[PDB]
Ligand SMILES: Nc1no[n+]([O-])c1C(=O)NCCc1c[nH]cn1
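Next comes just one chain, in structure tokens: the form deposited without the named molecule.
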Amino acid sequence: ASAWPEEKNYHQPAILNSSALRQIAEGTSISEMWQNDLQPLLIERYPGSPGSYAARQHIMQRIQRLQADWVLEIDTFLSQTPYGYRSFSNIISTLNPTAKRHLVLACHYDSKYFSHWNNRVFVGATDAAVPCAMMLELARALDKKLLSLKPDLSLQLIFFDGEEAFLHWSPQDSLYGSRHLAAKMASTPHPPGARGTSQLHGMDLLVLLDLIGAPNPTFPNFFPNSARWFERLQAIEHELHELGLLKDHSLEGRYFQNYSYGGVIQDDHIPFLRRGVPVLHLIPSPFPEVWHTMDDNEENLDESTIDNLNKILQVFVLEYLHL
């Protein structure tokens, strides 16, 4: 009986030295992400809408142009909703599908439904167009390194559909894509041919990005079983800061602070967390002031903060993967 699903418990990062940290800082471009990955997603894209289709095509196209061997899968399903049966489509992008273990980065790509109000349209810039663009920029920036994966451990990106409630949050109206995918992964043997392990056993850690892009975010350390990875984000932030590789940033105003949060925040990690998957939930507390208002738009995003977080996340991912 292999103990491979226990490997994630002892897995340690391969820490980058100063020269490598400078290379990563210089290799990501916030203005390219902004133009090429983010702006095309700043559209109405509630489930089933034309915008949902356009967002999905954009995400797939941006991944398909990369050199690394990404395998794209669209996970389409039906669910009951306050408006009757509807269809949803999760996007899964995976390097080394048969690899036993994957580090998983995720966000939701749907935008919350709102009828137009005084000619304003809700585009959910921090929620979660920026997180989607950060995942696309990371895939682009680390492409040469990821190409080398073509430790049975690799990378997977999930863009969930239907994270938002069609009305206000309730247990049955929200998290459509993640409740569906967690149950599908829990009942899918992995690796192929396995007798008793599932794709969830293969998920080393689910790093879920949401509500990112406003000024002064503070991310709490939510869960004890991922606390040592939260500490790694703190260390990376601190070292990039000390190397002068972050912009408009101070340690008193750092993003990863020493403080927990005992309450529950409803998000796409919930169906995974309740099936035993370790989660690092990169959502700030408090939420951006523009949360669920028409002001969650491009104008209210903080460019240098998003840039700093791209650098921290990319370093975290290379260190976890030993790349």
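Residue indices: 1-based, along the sequence shown.
Omitted from view is the form solved in complex with the named molecule, to which the following refers.
Among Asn225, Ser87, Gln234, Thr197, which has any heavy atom within 4.5 Å of the named molecule in the deposited complex?
-> Selected residue: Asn225.
Contact segment among 250-258, 54-62, 264-272, 37-45, judged by heavy atoms lying within 4.5 Å of the named molecule in the deposited complex | Heavy atoms within 4.5 Å of the named molecule in the deposited complex occur in 264-272.
All three of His102, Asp152 and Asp204 touching the named molecule in the deposited complex at 4.5 Å, heavy atom to heavy atom?
-> Answer is no for this spot.
Give a yes or no for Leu146: in the deposited complex, does one of its heavy atoms lie within 4.5 Å of a heavy atom belonging to the named molecule?
-> Close contact is absent here: in the deposited complex, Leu146 is far from the named molecule, nothing within 4.5 Å, heavy atoms only.
How about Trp169: is it within 4.5 Å of the named molecule in the deposited complex, going by heavy atoms?
-> Yes, contact at 4.5 Å.
Would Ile283 show up as a contact with the named molecule in the deposited complex if we use heavy atoms at 4.5 Å?
-> Contact check for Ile283: yes, within 4.5 Å of the named molecule in the deposited complex.
Is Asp161 close to the named molecule in the deposited complex, meaning a heavy atom pair under 4.5 Å apart or at it?
-> No, no contact at 4.5 Å.
Note that the named molecule is not shown here; using its position in the deposited complex, name the residues of 36-57 with a heavy atom within 4.5 Å of it, in sequence order.
-> Residues within 4.5 Å: none.
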